[PDB]
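Let me begin by presenting the structure, written as structure tokens, before commenting on it.
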Amino acid sequence: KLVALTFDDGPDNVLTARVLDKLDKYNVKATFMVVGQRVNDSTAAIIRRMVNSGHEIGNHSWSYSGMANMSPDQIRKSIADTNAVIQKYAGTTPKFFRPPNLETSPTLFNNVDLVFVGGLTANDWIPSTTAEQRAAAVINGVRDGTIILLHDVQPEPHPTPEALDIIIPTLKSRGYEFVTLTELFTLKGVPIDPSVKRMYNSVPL
Ligand SMILES: [Co+2]
């Protein structure tokens, strides 16, 4: 039984390191869907720390704008510029894309050559919700193959790192193992094929 823990909306040197510290504590791998505007010399080391620690990096666009109604040139620029900064500091190229706001269109699918991922959400962008509530949303929603969509970066209070102290032990005790997105596809025997123009919330579709 496999799940993929994924985190949007960083990197942030302070908030992302809180998530990375919990993943180090439990020796778990995850995937970070990063925003190009945030990837720069100040955040180079923490982006590299993801790679160094066995995590994967995917693309969450240059910024925080929905992309469904953008033009092909706007889409291409946003994805390419984000890939270029990830390559500079991480030395890797994304295979996966998470659309801002999970909003898609045929034009967006047509102009992004990455595998689109969504996933099970946990209301963890709502500061009034507690660590325990965020954990309960995840634990009760997963199944074998689920992609879990959390945020490493949001306005505070943001007790997502604290939710991991419940999510990770609970799911392990139920027989789950945590994997990156690439590992999830590979271990399930699903080609990571960007010509598939569907959004994956789990693997297999
Ligand atoms: Co986002």
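Numbering starts fresh at 1 for the residues of each chain in the structure tokens, the chains themselves are lettered A, B, ... in the order given, and ligands are numbered from 1 as they appear.
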Practice task
Might you pull out every residue within 10 Å of residue A:121, with only C-alpha atoms counted and same-chain residues fewer than 3 positions away left off, and present them as JSON, numbers by chain?
Solution key: {"A": [118, 124, 125, 134, 137, 138, 141, 147, 148, 149, 150, 151, 201]}
With N, CA, C and O atoms retained, could you export that selection as a PDB file, in the first residue's frame?
```pdb
ATOM      1  N   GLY A 118      -3.223  16.125  -9.047  1.00  0.00           N
ATOM      2  CA  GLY A 118      -4.099  16.837  -8.131  1.00  0.00           C
ATOM      3  C   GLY A 118      -3.935  16.236  -6.755  1.00  0.00           C
ATOM      4  O   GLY A 118      -2.886  16.386  -6.108  1.00  0.00           O
ATOM      5  N   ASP A 124      -6.019  22.339   4.467  1.00  0.00           N
ATOM      6  CA  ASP A 124      -4.864  22.856   5.232  1.00  0.00           C
ATOM      7  C   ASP A 124      -4.421  24.244   4.763  1.00  0.00           C
ATOM      8  O   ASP A 124      -3.365  24.719   5.171  1.00  0.00           O
ATOM      9  N   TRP A 125      -5.250  24.886   3.912  1.00  0.00           N
ATOM     10  CA  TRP A 125      -5.091  26.308   3.568  1.00  0.00           C
ATOM     11  C   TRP A 125      -6.015  27.197   4.428  1.00  0.00           C
ATOM     12  O   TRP A 125      -6.105  28.418   4.220  1.00  0.00           O
ATOM     13  N   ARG A 134      -6.477  18.404  10.193  1.00  0.00           N
ATOM     14  CA  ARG A 134      -5.764  18.176   8.945  1.00  0.00           C
ATOM     15  C   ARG A 134      -5.355  16.699   8.824  1.00  0.00           C
ATOM     16  O   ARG A 134      -5.547  16.053   7.770  1.00  0.00           O
ATOM     17  N   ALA A 137      -8.408  14.457   8.141  1.00  0.00           N
ATOM     18  CA  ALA A 137      -8.867  14.551   6.751  1.00  0.00           C
ATOM     19  C   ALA A 137      -8.027  13.610   5.873  1.00  0.00           C
ATOM     20  O   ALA A 137      -8.558  12.903   5.008  1.00  0.00           O
ATOM     21  N   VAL A 138      -6.710  13.622   6.084  1.00  0.00           N
ATOM     22  CA  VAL A 138      -5.836  12.768   5.276  1.00  0.00           C
ATOM     23  C   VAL A 138      -6.036  11.295   5.606  1.00  0.00           C
ATOM     24  O   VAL A 138      -6.285  10.463   4.713  1.00  0.00           O
ATOM     25  N   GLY A 141      -9.189   9.699   4.294  1.00  0.00           N
ATOM     26  CA  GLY A 141      -9.373   9.752   2.848  1.00  0.00           C
ATOM     27  C   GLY A 141      -8.444   8.884   2.030  1.00  0.00           C
ATOM     28  O   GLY A 141      -8.746   8.569   0.887  1.00  0.00           O
ATOM     29  N   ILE A 147      -2.578  10.272  -3.976  1.00  0.00           N
ATOM     30  CA  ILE A 147      -1.694  11.420  -3.912  1.00  0.00           C
ATOM     31  C   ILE A 147      -2.333  12.375  -2.919  1.00  0.00           C
ATOM     32  O   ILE A 147      -3.506  12.745  -3.085  1.00  0.00           O
ATOM     33  N   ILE A 148      -1.572  12.724  -1.896  1.00  0.00           N
ATOM     34  CA  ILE A 148      -2.056  13.628  -0.857  1.00  0.00           C
ATOM     35  C   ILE A 148      -1.582  15.045  -1.120  1.00  0.00           C
ATOM     36  O   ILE A 148      -0.369  15.264  -1.216  1.00  0.00           O
ATOM     37  N   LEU A 149      -2.510  15.998  -1.232  1.00  0.00           N
ATOM     38  CA  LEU A 149      -2.161  17.397  -1.525  1.00  0.00           C
ATOM     39  C   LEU A 149      -2.210  18.196  -0.204  1.00  0.00           C
ATOM     40  O   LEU A 149      -3.304  18.436   0.353  1.00  0.00           O
ATOM     41  N   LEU A 150      -1.018  18.558   0.296  1.00  0.00           N
ATOM     42  CA  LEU A 150      -0.899  19.474   1.412  1.00  0.00           C
ATOM     43  C   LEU A 150      -0.118  20.719   0.970  1.00  0.00           C
ATOM     44  O   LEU A 150       0.348  20.792  -0.178  1.00  0.00           O
ATOM     45  N   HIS A 151      -0.014  21.686   1.868  1.00  0.00           N
ATOM     46  CA  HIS A 151       0.812  22.884   1.567  1.00  0.00           C
ATOM     47  C   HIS A 151       1.927  22.977   2.563  1.00  0.00           C
ATOM     48  O   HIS A 151       1.685  22.908   3.777  1.00  0.00           O
ATOM     49  N   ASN A 201      -5.309  12.016  -9.504  1.00  0.00           N
ATOM     50  CA  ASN A 201      -5.523  12.203  -8.061  1.00  0.00           C
ATOM     51  C   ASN A 201      -5.016  10.996  -7.276  1.00  0.00           C
ATOM     52  O   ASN A 201      -4.889  11.046  -6.038  1.00  0.00           O
TER      53      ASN A 201
END
```
Exercise for the section: Determine which residues of stretch 66-150 of chain A DSSP labels as strand (DSSP E) from the backbone of this structure, then write them out as JSON, numbers by chain. Expected result: {"A": [96, 97, 115, 116, 117, 147, 148, 149, 150]}
Exercise for the section: Check the DSSP output for the backbone and give back, as a PyMOL selection string, the residues of stretch 11-200 of chain A in helix (DSSP H, G or I). Expected result: chain A and resi 13-26+36-38+41-52+72-90+100-102+106-111+131-141+160-173+181-188
Exercise for the section: Could you give me the residues within 8 Å of ligand 1, counting only C-alpha atoms and all ligand atoms, as JSON, numbers by chain? Expected result: {"A": [8, 9, 60, 64, 99, 100, 101, 151]}
Wanna dump the stretch 98-139 of chain A-stretch 65-68 of chain A contacts at 10 Å for me, each residue with its shortest atom pair and the distance in Å to one decimal, counting only C-alpha atoms, ordered by chain and number, as a Markdown table?
```
| residue | atom | partner | partner_atom | distance |
| --- | --- | --- | --- | --- |
| A:99 | CA | A:67 | CA | 7.1 |
| A:100 | CA | A:66 | CA | 5.1 |
| A:101 | CA | A:66 | CA | 6.0 |
| A:102 | CA | A:66 | CA | 8.1 |
| A:103 | CA | A:68 | CA | 5.7 |
| A:104 | CA | A:68 | CA | 4.9 |
| A:105 | CA | A:68 | CA | 5.0 |
| A:106 | CA | A:68 | CA | 8.1 |
| A:107 | CA | A:68 | CA | 7.2 |
| A:108 | CA | A:68 | CA | 5.8 |
| A:109 | CA | A:68 | CA | 9.0 |
```
Selection above as a file: N, CA, C and O atoms, as a PDB file, in the first residue's frame:
```pdb
ATOM      1  N   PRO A  99      -1.511  22.063 -11.371  1.00  0.00           N
ATOM      2  CA  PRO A  99      -2.061  23.371 -11.803  1.00  0.00           C
ATOM      3  C   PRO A  99      -2.427  24.232 -10.618  1.00  0.00           C
ATOM      4  O   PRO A  99      -3.029  23.744  -9.648  1.00  0.00           O
ATOM      5  N   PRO A 100      -2.085  25.534 -10.677  1.00  0.00           N
ATOM      6  CA  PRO A 100      -2.601  26.439  -9.637  1.00  0.00           C
ATOM      7  C   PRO A 100      -4.131  26.333  -9.494  1.00  0.00           C
ATOM      8  O   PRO A 100      -4.893  26.334 -10.499  1.00  0.00           O
ATOM      9  N   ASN A 101      -4.569  26.203  -8.251  1.00  0.00           N
ATOM     10  CA  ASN A 101      -6.007  26.075  -7.910  1.00  0.00           C
ATOM     11  C   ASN A 101      -6.656  24.804  -8.470  1.00  0.00           C
ATOM     12  O   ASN A 101      -7.877  24.690  -8.436  1.00  0.00           O
ATOM     13  N   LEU A 102      -5.842  23.860  -8.956  1.00  0.00           N
ATOM     14  CA  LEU A 102      -6.326  22.650  -9.644  1.00  0.00           C
ATOM     15  C   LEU A 102      -7.186  22.993 -10.867  1.00  0.00           C
ATOM     16  O   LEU A 102      -7.975  22.169 -11.339  1.00  0.00           O
ATOM     17  N   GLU A 103      -6.991  24.187 -11.434  1.00  0.00           N
ATOM     18  CA  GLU A 103      -7.802  24.583 -12.587  1.00  0.00           C
ATOM     19  C   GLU A 103      -7.136  24.213 -13.894  1.00  0.00           C
ATOM     20  O   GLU A 103      -6.004  24.629 -14.167  1.00  0.00           O
ATOM     21  N   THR A 104      -7.848  23.444 -14.726  1.00  0.00           N
ATOM     22  CA  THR A 104      -7.302  23.057 -15.986  1.00  0.00           C
ATOM     23  C   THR A 104      -8.204  23.493 -17.134  1.00  0.00           C
ATOM     24  O   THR A 104      -9.361  23.893 -16.929  1.00  0.00           O
ATOM     25  N   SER A 105      -7.645  23.398 -18.334  1.00  0.00           N
ATOM     26  CA  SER A 105      -8.401  23.569 -19.573  1.00  0.00           C
ATOM     27  C   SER A 105      -7.677  22.754 -20.634  1.00  0.00           C
ATOM     28  O   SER A 105      -6.535  22.381 -20.428  1.00  0.00           O
ATOM     29  N   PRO A 106      -8.316  22.511 -21.792  1.00  0.00           N
ATOM     30  CA  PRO A 106      -7.597  21.858 -22.906  1.00  0.00           C
ATOM     31  C   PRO A 106      -6.347  22.637 -23.269  1.00  0.00           C
ATOM     32  O   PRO A 106      -5.314  22.008 -23.544  1.00  0.00           O
ATOM     33  N   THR A 107      -6.391  23.987 -23.289  1.00  0.00           N
ATOM     34  CA  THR A 107      -5.188  24.750 -23.639  1.00  0.00           C
ATOM     35  C   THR A 107      -4.065  24.490 -22.642  1.00  0.00           C
ATOM     36  O   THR A 107      -2.895  24.366 -23.034  1.00  0.00           O
ATOM     37  N   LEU A 108      -4.405  24.420 -21.352  1.00  0.00           N
ATOM     38  CA  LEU A 108      -3.375  24.164 -20.362  1.00  0.00           C
ATOM     39  C   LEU A 108      -2.764  22.762 -20.595  1.00  0.00           C
ATOM     40  O   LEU A 108      -1.528  22.584 -20.674  1.00  0.00           O
ATOM     41  N   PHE A 109      -3.615  21.752 -20.755  1.00  0.00           N
ATOM     42  CA  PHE A 109      -3.090  20.426 -21.043  1.00  0.00           C
ATOM     43  C   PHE A 109      -2.243  20.401 -22.289  1.00  0.00           C
ATOM     44  O   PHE A 109      -1.220  19.720 -22.334  1.00  0.00           O
TER      45      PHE A 109
END
```
Exercise for the section: Quick one: everything within 9 Å of stretch 173-178 of chain A, counting only C-alpha atoms, minus sequence neighbours fewer than 4 positions away in the same chain. Send it as a PyMOL selection string. Expected result: chain A and resi 1-5+28-30+143-144+168-169+184
Practice task
Extract, using only C-alpha atoms, all DNA, RNA and protein residues at most 10 Å from stretch 130-132 of chain A, discarding same-chain residues fewer than 4 positions from it, and format them as a list in words.
Solution key: residues 123, 124, 126, 136, 137, 157, 158, 159, 160, 161, 162, 163, 164, 165, 166 and 167 of chain A
Resulting file, chosen residues, N, CA, C and O atoms, as an mmCIF file, in the first residue's frame:
```
data_model
loop_
_atom_site.group_PDB
_atom_site.id
_atom_site.type_symbol
_atom_site.label_atom_id
_atom_site.label_comp_id
_atom_site.auth_asym_id
_atom_site.auth_seq_id
_atom_site.Cartn_x
_atom_site.Cartn_y
_atom_site.Cartn_z
ATOM 1 N N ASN A 123 -8.037 20.618 3.593
ATOM 2 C CA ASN A 123 -8.400 21.918 4.172
ATOM 3 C C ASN A 123 -7.261 22.593 4.904
ATOM 4 O O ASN A 123 -7.504 23.398 5.821
ATOM 5 N N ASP A 124 -6.019 22.339 4.467
ATOM 6 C CA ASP A 124 -4.864 22.856 5.232
ATOM 7 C C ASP A 124 -4.421 24.244 4.763
ATOM 8 O O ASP A 124 -3.365 24.719 5.171
ATOM 9 N N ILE A 126 -6.717 26.567 5.391
ATOM 10 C CA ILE A 126 -7.701 27.288 6.217
ATOM 11 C C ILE A 126 -7.073 27.364 7.623
ATOM 12 O O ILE A 126 -6.973 26.344 8.324
ATOM 13 N N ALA A 136 -6.783 14.109 10.400
ATOM 14 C CA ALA A 136 -7.980 13.257 10.247
ATOM 15 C C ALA A 136 -8.473 13.276 8.790
ATOM 16 O O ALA A 136 -8.931 12.231 8.259
ATOM 17 N N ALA A 137 -8.408 14.457 8.141
ATOM 18 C CA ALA A 137 -8.867 14.551 6.751
ATOM 19 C C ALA A 137 -8.027 13.610 5.873
ATOM 20 O O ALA A 137 -8.558 12.903 5.008
ATOM 21 N N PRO A 157 -1.914 30.863 11.377
ATOM 22 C CA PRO A 157 -1.395 29.541 11.789
ATOM 23 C C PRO A 157 -1.407 28.521 10.663
ATOM 24 O O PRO A 157 -2.375 28.459 9.855
ATOM 25 N N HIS A 158 -0.362 27.710 10.600
ATOM 26 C CA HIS A 158 -0.260 26.709 9.546
ATOM 27 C C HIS A 158 0.316 25.393 10.116
ATOM 28 O O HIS A 158 1.450 25.023 9.831
ATOM 29 N N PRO A 159 -0.486 24.671 10.932
ATOM 30 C CA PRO A 159 0.003 23.465 11.628
ATOM 31 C C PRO A 159 0.080 22.197 10.752
ATOM 32 O O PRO A 159 -0.146 21.085 11.244
ATOM 33 N N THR A 160 0.426 22.353 9.465
ATOM 34 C CA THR A 160 0.652 21.182 8.622
ATOM 35 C C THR A 160 1.828 20.321 9.077
ATOM 36 O O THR A 160 1.679 19.083 9.071
ATOM 37 N N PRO A 161 2.985 20.932 9.463
ATOM 38 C CA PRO A 161 4.077 20.053 9.989
ATOM 39 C C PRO A 161 3.571 19.207 11.182
ATOM 40 O O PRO A 161 3.840 17.995 11.255
ATOM 41 N N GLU A 162 2.812 19.845 12.081
ATOM 42 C CA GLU A 162 2.315 19.134 13.248
ATOM 43 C C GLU A 162 1.321 18.016 12.845
ATOM 44 O O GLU A 162 1.292 16.933 13.477
ATOM 45 N N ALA A 163 0.535 18.244 11.790
ATOM 46 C CA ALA A 163 -0.357 17.187 11.304
ATOM 47 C C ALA A 163 0.442 15.938 10.918
ATOM 48 O O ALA A 163 -0.066 14.821 11.026
ATOM 49 N N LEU A 164 1.657 16.146 10.365
ATOM 50 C CA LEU A 164 2.486 14.987 9.962
ATOM 51 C C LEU A 164 2.855 14.080 11.127
ATOM 52 O O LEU A 164 3.084 12.890 10.917
ATOM 53 N N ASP A 165 2.901 14.626 12.347
ATOM 54 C CA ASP A 165 3.160 13.753 13.543
ATOM 55 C C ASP A 165 2.051 12.741 13.816
ATOM 56 O O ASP A 165 2.284 11.794 14.554
ATOM 57 N N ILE A 166 0.863 12.972 13.248
ATOM 58 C CA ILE A 166 -0.228 12.006 13.312
ATOM 59 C C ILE A 166 -0.312 11.226 12.005
ATOM 60 O O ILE A 166 -0.399 10.000 12.021
ATOM 61 N N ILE A 167 -0.269 11.926 10.872
ATOM 62 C CA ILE A 167 -0.441 11.242 9.579
ATOM 63 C C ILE A 167 0.610 10.140 9.364
ATOM 64 O O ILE A 167 0.280 9.001 8.960
#
```
Exercise for the section: Pick out the residues sitting within 7 Å of residue A:90, and hand them over as number ranges by chain; count only C-alpha atoms, and ignore anything fewer than 2 positions along from it in its own chain. Expected result: A: 47-48, 51, 86-88, 92
